[PDB]
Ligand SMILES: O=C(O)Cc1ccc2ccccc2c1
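Here we start with a single chain on its own, the form deposited without the ligand, put down as structure tokens.
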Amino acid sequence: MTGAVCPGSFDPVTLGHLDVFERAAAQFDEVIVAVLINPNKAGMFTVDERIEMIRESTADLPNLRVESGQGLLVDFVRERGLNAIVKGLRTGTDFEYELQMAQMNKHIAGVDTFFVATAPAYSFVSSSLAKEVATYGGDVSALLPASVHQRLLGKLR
């Protein structure tokens, strides 16, 4: 009955994201990971690749599923009969930006947002920084699931 949407680009999914997924799935009856796409800017990975990487690393979470979308997140949420967004926060700076979006989403659609604090070990990891470091040859193998690291290296080469 209870449920939440976990949104992001997940380009690619990181161990920080996976931590958030696991914590949401432990506390909500169903969790939907929403891979949100900008049809006007390609990321590193295609939608199909992003979904595949997420599924391969969440096979142990039976109440989680993965879907893509675009446009307003609150539309994606409400069309599935849900009313909650769950997101990870790493810093007070993340909080101020996400706070704005959360209040806008509540204002326009009545959708609530719940934040969860990053695990300390992943506080510095982001998809963007992992891609940048890997582009220049840095070792990011401990920051990404097995479903991701070698696919990332493949894209870079």
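Here, rigid core means the biggest group of C-alpha atoms that superpose within 1.5 Å across both forms. Heads up: residue numbers just count along the shown sequence, starting at 1.
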Core-aligned, RMS over all structures and residues: is 70-78 or 83-91 the stretch with the greater C-alpha displacement in 9 other deposited structures of this protein? 83-91
Of the stretches 93-101 and 128-136, which sits farther from where it is here in 9 other deposited structures of this protein, on average over its Cα atoms, after fitting the core? 93-101
Note whether residue 40 lacks coordinates in a third or more of the other compared entries that model its flanking residues. yes
What stretch has the higher average Cα B-factor here, 56-64 or 98-106? 56-64
Would 127-135 or 32-40 have the larger average of its C-alpha temperature factors, as given in the entry? 32-40
Looking at the C-alpha B-factor of residue 113, is it in the lowest, middle or highest third of its chain? lowest
What third of the chain, by the recorded C-alpha B-factor, contains residue 143? middle
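One more form of this protein, solved in complex with the ligand, exists but is not displayed; see below.
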All of 3, 27 and 84 within 4.5 Å of the ligand in the deposited complex, heavy atom check: no
Under a 4.5 Å heavy atom criterion, is residue 46 part of the interface with the ligand in the deposited complex? no
If we define contact as a non-hydrogen atom of the residue within 4.5 angstroms of the partner, is residue 35 a contact of the ligand in the deposited complex? yes
With a 4.5 Å heavy atom cut-off, would you call residue 63 a contact of the ligand in the deposited complex? no
